[PDB]
Amino acid sequence: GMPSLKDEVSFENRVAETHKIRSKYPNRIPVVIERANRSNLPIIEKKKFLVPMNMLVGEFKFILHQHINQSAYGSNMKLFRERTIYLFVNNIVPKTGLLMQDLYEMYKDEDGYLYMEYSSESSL
Amino acid sequence: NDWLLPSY
Ligand SMILES: [Ca+2]
Ligand SMILES: [Ca+2]
Ligand SMILES: [Cl-]
């Protein structure tokens with residue numbers, strides 16, 4: 001029951017956002033990242049991604065690991081602290097050898113977004 | 001209106 005984009009933006013606005021972003025950029029998928037448990041993992045301020053359709057899940061997972069563990073340390077600089085992260089799509093582990101389009105086609109939310117979650121634990 | 005655009 002943690003705070004998400006659904007609580008921030010109405011269903012009708014989200015549908016409109018994703019529809020026009022998908023018409024404008026048909027080769028990219030809209031992804032929102034959400035924190036799924038309470039731990040030492042930080043809440044990322046930027047959580048909306050427009051991911052190339054042919055990007056591998058394993059590749060996007062690598063990118064997402066870094067993002068979650070990086071914070072701004074001024075201009076030209078980012079501080080990276082190593083932490084173990086587990087990633088989830090619709091409560092399951094994203095399959096590393098798939099395309100990000102596949103995840104989108106399989107687990108896309110009715111509002112048009114692919115919702116993905118991170119946790120410090122491997123469970124849910 | 002902000003999106004991150006990841007690359008390879
Ligand atoms: Ca949140
Ligand atoms: Ca909406
Ligand atoms: Cl926080």
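No Cβ is skipped: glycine too gets one built from the backbone with ideal geometry, and neighbour counts run over all protein chains shown. Read the figures in this text as sums done on the coordinates, not as results from a lab.
Ignoring everything except DSSP H segments at least 4 long, calculate the 222 nm mean residue ellipticity for chain A; use -39,500 (n - 2.57) per segment, divide by total residues, nearest 500.
Estimated from H runs of four or more residues: -9000 deg cm²/dmol.
Going 7 Å from the Cα of residue A:22 toward and past its Cβ, which residues in the range A:104-124 have a backbone nitrogen under 12 Å from where you end up?
Inside the label zone: A:104-114.
Quick one: A:116, A:106, fewest Cβ neighbours within 10 Å first, how do they rank?
Lowest count first: A:106, A:116.
Using a ≥ b ≥ c from the Cα gyration tensor of chain A (square roots of the eigenvalues), is it rounded, prolate or oblate, where a/c under 1.5 gives rounded and otherwise the larger of a/b and b/c decides, a/b for prolate?
The shape class here is rounded.
What angle do you read, to the nearest 10 degrees and between 0 and 90, between the alpha-carbon axis of helix A:11-24 and the longest principal axis of chain A?
80 degrees
What list of ³J(HN,Hα) couplings, whole Hz, do you get for the range A:25-41 from phi and the Karplus terms 6.51, -1.76, 1.60, once you set θ to phi - 60° and write x for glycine and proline?
10, x, 8, 10, 10, x, 10, 10, 9, 10, 7, 10, 8, 9, 7, 7, 5
The range A:1-59 to the range A:65-88: how many Å between their Cα centroids?
18 Å
Pairs to check: A:48/A:78; A:6/A:47; A:20/A:61; A:47/A:78. Give those whose C-alpha atoms are more than 22 Å from each other in this structure.
The answer is A:20/A:61.
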